[PDB]
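I have placed the structure first, in the form of structure tokens, so that the comments after it can refer back to it.
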Amino acid sequence: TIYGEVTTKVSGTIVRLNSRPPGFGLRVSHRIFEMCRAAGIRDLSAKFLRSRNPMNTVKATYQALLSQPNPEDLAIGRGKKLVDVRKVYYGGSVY
Amino acid sequence: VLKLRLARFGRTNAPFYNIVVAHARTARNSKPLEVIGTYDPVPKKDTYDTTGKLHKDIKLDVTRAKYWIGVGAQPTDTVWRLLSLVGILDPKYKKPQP
Amino acid sequence: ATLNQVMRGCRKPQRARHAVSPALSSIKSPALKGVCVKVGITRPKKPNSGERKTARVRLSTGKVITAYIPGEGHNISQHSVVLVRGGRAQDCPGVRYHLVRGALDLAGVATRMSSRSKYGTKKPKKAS
Amino acid sequence: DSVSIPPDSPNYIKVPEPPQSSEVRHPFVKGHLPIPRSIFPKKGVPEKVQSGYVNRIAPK
Amino acid sequence: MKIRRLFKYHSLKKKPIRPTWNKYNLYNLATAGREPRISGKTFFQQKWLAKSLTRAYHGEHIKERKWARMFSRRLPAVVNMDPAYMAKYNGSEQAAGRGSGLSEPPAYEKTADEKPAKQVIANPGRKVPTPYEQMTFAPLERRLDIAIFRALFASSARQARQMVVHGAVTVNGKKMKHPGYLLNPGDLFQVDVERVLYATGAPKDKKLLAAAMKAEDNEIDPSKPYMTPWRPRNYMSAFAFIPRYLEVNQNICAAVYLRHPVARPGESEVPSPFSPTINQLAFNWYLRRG
Amino acid sequence: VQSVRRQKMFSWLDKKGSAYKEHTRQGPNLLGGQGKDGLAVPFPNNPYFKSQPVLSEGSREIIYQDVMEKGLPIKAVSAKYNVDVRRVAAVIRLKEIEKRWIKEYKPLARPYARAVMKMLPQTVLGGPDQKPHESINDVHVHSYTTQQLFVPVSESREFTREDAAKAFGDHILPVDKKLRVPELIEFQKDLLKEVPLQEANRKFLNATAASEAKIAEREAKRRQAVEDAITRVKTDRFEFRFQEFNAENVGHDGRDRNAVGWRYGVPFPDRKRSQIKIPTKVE
RNA sequence: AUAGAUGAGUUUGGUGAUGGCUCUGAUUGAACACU
RNA sequence: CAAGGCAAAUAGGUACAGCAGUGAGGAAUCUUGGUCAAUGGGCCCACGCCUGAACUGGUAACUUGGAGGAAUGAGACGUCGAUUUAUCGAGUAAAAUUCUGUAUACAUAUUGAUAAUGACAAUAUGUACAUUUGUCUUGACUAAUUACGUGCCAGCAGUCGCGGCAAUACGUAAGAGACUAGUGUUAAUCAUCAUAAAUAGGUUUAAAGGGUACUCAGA
Ligand SMILES: [K+]
Ligand SMILES: [K+]
Ligand SMILES: [K+]
Ligand SMILES: [K+]
Ligand SMILES: [Mg+2]
Ligand SMILES: [Mg+2]
Ligand SMILES: [Mg+2]
Ligand SMILES: [Mg+2]
Ligand SMILES: [Mg+2]
Ligand SMILES: [Mg+2]
Ligand SMILES: [Mg+2]
Ligand SMILES: [Mg+2]
Ligand SMILES: [Mg+2]
Ligand SMILES: [Mg+2]
Ligand SMILES: [Mg+2]
Ligand SMILES: [Mg+2]
Ligand SMILES: [Mg+2]
Ligand SMILES: [Mg+2]
Ligand SMILES: [Mg+2]
Ligand SMILES: [Mg+2]
């Protein structure tokens, strides 16, 4: 899944992508299902807010996957750890 | 007149009763003052008991029923027979020995 | 709107949309019986062309509507009791209803093989 | 317990489950029951639970 | 009454994979396409293709309406915790660095250095994906008739359903005649030995038996429905497997439903002959049946 | 004449599919063949489903002796042979049913048993400890522990599993307490303290043997309270069982899930879809 | 109750918007047609 | 007590929105049954009497739940429809064989109830029986094709549309895709619809800024 929530706008077409827990599945529209199933994503939730233009929905979705919040940068910026709770809980990354 | 009686519930050929505290002159299945317990007339059988003995499941709040009998509640003939078995009242009927 | 404008009742129900078959939607009825005041023909609008078999029916509620007769060939005429259902003829203006083929006086298409339930046609029973 | 638990019953060997190992979602039960009335006041000790109360309101 | 949906049950032209041990089914399973063609199909055409393929096997004898609500978006799973790790580390090292642990050099630098960096501390068996998509049809594995077919007591899911309807099964020592009974963790279902020997045994052949009239071990007994001496059905080995949520005992034809099927990292417990790509589209179909 | 599709079938069914017609080897013979981890794959298109081994007939008996004759606690036999406690308890129930048949002179399905066991992979508990039968430490993934949480904390905090459990919820426990044999942790901590293996094993038995004593004691007191609440009055025909309860526990609004009585103000749901009308529990 | 949030057809020479309509989901104390 | 309807005239009753039932209206909703055995209620010192409350039998696929059959089935060297007349299908399908005894029928027992009382039926056990297909769709949305007929005609159509002589959209035939004792259609409700937006919208050019700002109430 993606890191956190992302919202990108391309000319009146807003897409909102949300990270979901494991086993949630690709509960997204048809064109987002193809992009996620091709990039390797398996758990996501999407929502078109303003416009469902076929072209701008793919440009906004692709741009959202490239502008995810990087926890490594957010930590160095604020001077505080952003601990991966799910990783400490199971002692490692459970893919 | 308060009465300790039974409210017939369930389905066709599947009787199930609620022991209730209700005024005599009210509908049988109207919401009573209290639900003292339940009563299933059809006798059941233990799962892994091949002896053939049967039993009847009856849930009753004896502490709450004793208070109503103490203040002057009148149980019906059916509830009287049940309250006499647990040992609260004396039986109204007995098998003639002669 | 501001919270004050909403508190005073700015939000009102959206203006109603007219139903496809108002004579049936107004009273929640799926169908209505009626007598045929006239049985004739209606002409479609610009794009399509032909002759659409329609009937002027006087519903049991008093309203006079124009119903479309589905299928090839019909049996009803003036003073004929027929059952009316919803659904409109898209290319015909004013024809906002259909007639049921297995209705009281209206008969089902006799030489019908496909979609018999839509035209009130009994099975040929040729096998039995 | 008059009849011993046979080896067919699931209770023959009791193996309790660890905590937070199931997430069964019980369905919402419809209907209600009459709330039994209160017999005592919420503060103080009433005179109904004294020593000689019954013998006073129900003499022989 | 044979419905229209069961006419070409083992079609060699359609090649449907059914839940049975039929020899025609074995050929359809062995020669199944390595990957269905979903190149130029739309999203609906992909979900319908995956729904038709999977429903031909999972709950084949269950109506589409009943399974539509039996389908659950809850895909259970488990994780393995090594006591050796939990006894030496308290999980703090997993939060080193900036919250996600220390960074390791890229792959194009490790092998360059003849010395491999020390093994990173972590619970063993991590960073391996869990096949959640493969658990779409797990709820079906809880029905009594299905559990009997997974215990190798019947040759098909429909034959096991008849054993239940005909009072040949006994759950927790009590007669059970409902094939839709949902087993609970710990329930012990037992089938009559006579129905298992016939269901899994070889057909009773008179021509071969006619030659064996007179011409541990066993003997001949023509007074039984199966061919004596009892031998396993043909092609039964190609379908021989028992999942891990069952504990079968063949001596008495009894099994215990230990738990519900779960997904473990790198493994699933739902027997399904389809790939994650198909089980992922079937799951997406039953989210809204469209 | 047979159709070409049948002709192709019987051609494959006699050349390549003939190895499956009869089972002659010792072990699984499946289409997918041996996987990359040494397990057979029944379906080639689903590599994740595998033919896991089964406890051989000899192994089932060994488990029966350690729990019934030697009296060892189930948690000890589980940790010793790496068999889940839920499976160890099942092997005992199934074995007890065999003793019944053997005692009642019922014929066992021995021909069916032997022929089937050859088709399945097996583990032999005892001398050859090749691999553990299964993982006895699998913890259930709780819904709360599945969320993606990145908690901001000081740059040098020691964020442990206890702190992670609280970050998911106030009532959540760490995986250290969700194990079925939690004594394995205390056993592994002894090895860290250079405790001899023979002594570490002693404390493990006393730990498991003592834990089952509390479990067996709780169940005893539980069943007693269930009987002290029942008044059994024997009549000429039946035995009336009067179970006592507190009729005041109906919730603040009368809508309590565990309340006793046929609830008022609710019609029959017999006309609703997905209505369960069959027994849900055979106790 | 922590899994629960999804779209599709249709205005234009074309593009992006605005904005309705219809379909996709569930249901009825239903009716009608074929059974 | 008055009025109109029905009955009544020298009377002064009746109003079925009590149960069953009839007529009418309507697209449309059932028996003029049995018993007070069970639960409840009225009267009674007691016994007991009464109870269209109630419990039970009947009618309707209106709905829900369940049953409504499983396994084997290869050269009948037969049939049928297409067609690269030798290829592709019907087709493991059928027949046949081996088993089961499901709804249900019958029988026994128990039980609904006990002080006694059983209208009617449930459950358990034993024996026996292998019994229907129906309906919609097939241009795109939307899973699923050809041939012929028709020729902007006849017709289809939820939306966009189709039909003007070589129509995968109409009618027929076959095939295919589906649901199934149901299947479609009509009507309605929620959701779709951030499509009256409190959560949570908008008003330069697209629906929408008051002609103006001093001002009471109000924020
Ligand atoms: K819009
Ligand atoms: K009436
Ligand atoms: K009575
Ligand atoms: K257009
Ligand atoms: Mg139009
Ligand atoms: Mg056809
Ligand atoms: Mg222009
Ligand atoms: Mg009247
Ligand atoms: Mg009428
Ligand atoms: Mg009475
Ligand atoms: Mg009396
Ligand atoms: Mg029977
Ligand atoms: Mg009487
Ligand atoms: Mg298509
Ligand atoms: Mg048509
Ligand atoms: Mg056509
Ligand atoms: Mg049904
Ligand atoms: Mg202005
Ligand atoms: Mg003005
Ligand atoms: Mg103006």
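Read-outs: derived from the displayed coordinates by stated rules, not from any lab. So basically every Cβ, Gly included, is an ideal-geometry build from the backbone, and we count neighbours across all protein chains shown.
Just a few scattered comments:
- Taken together, F:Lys189, F:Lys166, F:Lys193, F:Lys203 contain a single residue that is under 27 Å from the mean Cα position of the chain (by Cα), within 13 Å of chain E (Cβ to nearest Cβ) and either loosely packed, with under 13 Cβ neighbours inside 10 Å or among the charged types (D, E, K, R) (or both), which is F:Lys189.
- Against the test of being away from RNA strand H (no atom under 16 Å from the Cβ) and within 13 Å of chain A (Cβ to nearest Cβ), the options E:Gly91, E:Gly40 yield a single qualifying residue, E:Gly91.
- Flag for C:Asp105 being more than 20 Å from C:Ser49 (Cβ to Cβ), more than 10 Å from RNA strand G (Cβ to nearest atom) and either more than 14 Å from every other protein chain (Cβ to nearest Cβ) or touching an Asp or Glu at 6+ places or on another chain (Cβ under 6 Å) (or both): yes
- Index of the failed condition, A:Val28 passing every other in (1) out of contact with any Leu (no Cβ under 8 Å at 6 or more places or on another chain); (2) more than 8 Å from chain E (Cβ to nearest Cβ); (3) within 11 Å of RNA strand G (Cβ to nearest atom); (4) not polar (S, T, N, Q): (1)
- Meets criteria (within 11 Å of RNA strand G (Cβ to nearest atom), under 30 Å from F:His140 (Cβ atoms) and more than 13 Å from chain E (Cβ to nearest Cβ)) for A:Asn56: no
- Flag if C:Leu83 is outside any loop (DSSP other than H, G, I, E, B), closer than 22 Å to C:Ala23 by Cα and near RNA strand G (Cβ under 10 Å from one of its atoms): yes
- In the stretch C:44-73, the residues that are in a loop (DSSP other than H, G, I, E, B) and more than 16 Å from C:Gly108 (Cα to Cα): C:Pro44, C:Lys45, C:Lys46, C:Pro47, C:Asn48, C:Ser49, C:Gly50, C:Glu51, C:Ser60, C:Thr61, C:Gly62, C:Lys63
- Subset of the stretch E:41-71 (residues that are more than 17 Å from the chain's Cα centre (by Cα) and assigned to a loop (DSSP other than H, G, I, E, B)): E:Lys41, E:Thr42, E:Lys63
- Matching helices (runs of 4 or more DSSP H) fully within the stretch F:16-121 where at least 1 residues are of a type in the set (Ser, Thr, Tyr): F:57-64, F:74-81, F:110-117
- Of all the residues in the stretch F:85-107, those that are facing another protein chain (nearest Cβ under 7 Å) and among the acidic types (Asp, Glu) number 2.
- For the stretch C:115-128, a residue qualifies if it is among the small types (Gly, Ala, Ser) and either near RNA strand G (Cβ under 6 Å from one of its atoms) or more than 24 Å from C:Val84 (Cβ to Cβ) (or both), and the qualifying residues are C:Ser117, C:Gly120, C:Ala127, C:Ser128.
- Some residue of the stretch B:69-90 being within 11 Å of chain F (Cβ to nearest Cβ) and over 14 Å from the mean Cα position of the chain (by Cα): no
- Flag for F:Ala225 being more than 8 Å from every other protein chain (Cβ to nearest Cβ) and surrounded by fewer than 12 Cβ atoms within 10 Å (Cβ to Cβ): yes
- Matching residues in the stretch A:59-95 - criterion: being away from chain E (no Cβ under 13 Å), charged (D, E, K, R) and surrounded by 21 or more Cβ atoms within 10 Å (Cβ to Cβ): none
- Residues in the stretch E:196-225 that are within 14 Å of chain F (Cβ to nearest Cβ) and either part of a helix (DSSP H, G or I) or within 27 Å of the chain's Cα centre (by Cα) (or both): E:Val196, E:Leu197, E:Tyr198, E:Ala199, E:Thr200, E:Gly201, E:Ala202, E:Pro203.
- Taking the listed residues C:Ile41, C:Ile76, the one that is part of a strand (DSSP E or B), within 25 Å of C:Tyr119 (Cβ to Cβ) and touching an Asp or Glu at 6+ places or on another chain (Cβ under 9 Å) is C:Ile41, with no other qualifying.
- The C-beta contact set for the stretch F:240-258 (first residue on the phi > 0 side of the Ramachandran plot, second residue among the charged types (D, E, K, R), distance under 9 angstrom, 6+ apart or interchain) comprises F:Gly251/F:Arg257; F:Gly254/F:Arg263.
- Exclusive hit being touching an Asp or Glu at 6+ places or on another chain (Cβ under 9 Å), among the small types (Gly, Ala, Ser), more than 16 Å from ligand 15 (Cβ to nearest atom) and assigned to a loop (DSSP other than H, G, I, E, B), set A:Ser11, A:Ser67, A:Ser93: A:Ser93
- Matching option when the condition is more than 9 Å from chain A (Cβ to nearest Cβ) and surrounded by 15 or more Cβ atoms within 10 Å (Cβ to Cβ), among E:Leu29, E:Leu102, E:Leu75: E:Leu29
- Filter result (facing chain E (nearest Cβ under 10 Å) and β-branched (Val, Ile, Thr)) within the stretch F:30-82: F:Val41, F:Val54
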